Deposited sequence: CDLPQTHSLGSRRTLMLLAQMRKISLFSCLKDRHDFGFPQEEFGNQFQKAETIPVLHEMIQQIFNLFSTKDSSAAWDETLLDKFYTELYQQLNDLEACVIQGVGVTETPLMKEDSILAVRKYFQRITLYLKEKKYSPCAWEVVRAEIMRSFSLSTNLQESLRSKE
């Protein structure tokens, strides 16, 4: 649970309440089926790997810098890297996985288009932050 650390940082990044952004709430259709169940712990590494990847990509944009605290984003990247690297090492090693990865990527595509559409408003950003926050917990717990 140095993943517990990643959520803690995301929490601290919050600037505005979702309750002032109720107009902007959105269902992103997180492809949850692709993780916890059936093909249990360990067969879902590559999917989880892609997730972290996508998150890292998302929060590295100059738009993300404009949205969130520069200091926290740093501690955040450190944390993502740690995981990103460990997961990659496993993927590299031995243990429709493509469909699963595709599903994750489509999910983040939807997230990105949502922000473009909303013109990266603080509210849009808050909605997204809250989602990732949730869908990350689901991925891992």
- Task: Where the model has no C-alpha, note the corresponding stretch of the deposited sequence, numbering from 1.
- Result: 1 to 8, 104 to 110, 157 to 165
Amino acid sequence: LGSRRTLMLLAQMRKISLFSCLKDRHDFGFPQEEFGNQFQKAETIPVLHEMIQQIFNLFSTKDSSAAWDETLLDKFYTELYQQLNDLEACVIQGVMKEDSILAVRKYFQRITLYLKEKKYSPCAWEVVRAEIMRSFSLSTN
From here on, numbers count along this sequence of modelled residues.
- Task: Taking the mean of the C-alpha B-factors per stretch from the entry, tell me the winner out of 23 to 31 and 42 to 50.
- Result: 42 to 50
- Item | Greater mean Cα temperature factor according to the PDB record, 32 to 40 or 56 to 64 | 32 to 40
- Item | residue 135 CA temperature factor, ranked by third within the chain | lowest
- Note on the structure: Sorting the chain's modelled residues by C-alpha B-factor and splitting them into thirds places residue 81 in the highest
- Task: Looking at the entry's B-factor column for C-alpha atoms only, identify whether residue 73 ranks in the lowest, middle or highest third of its chain.
- Result: middle
- Message: Splitting the chain's C-alpha B-factors into thirds, which one does residue 102 fall into?
- Response: middle
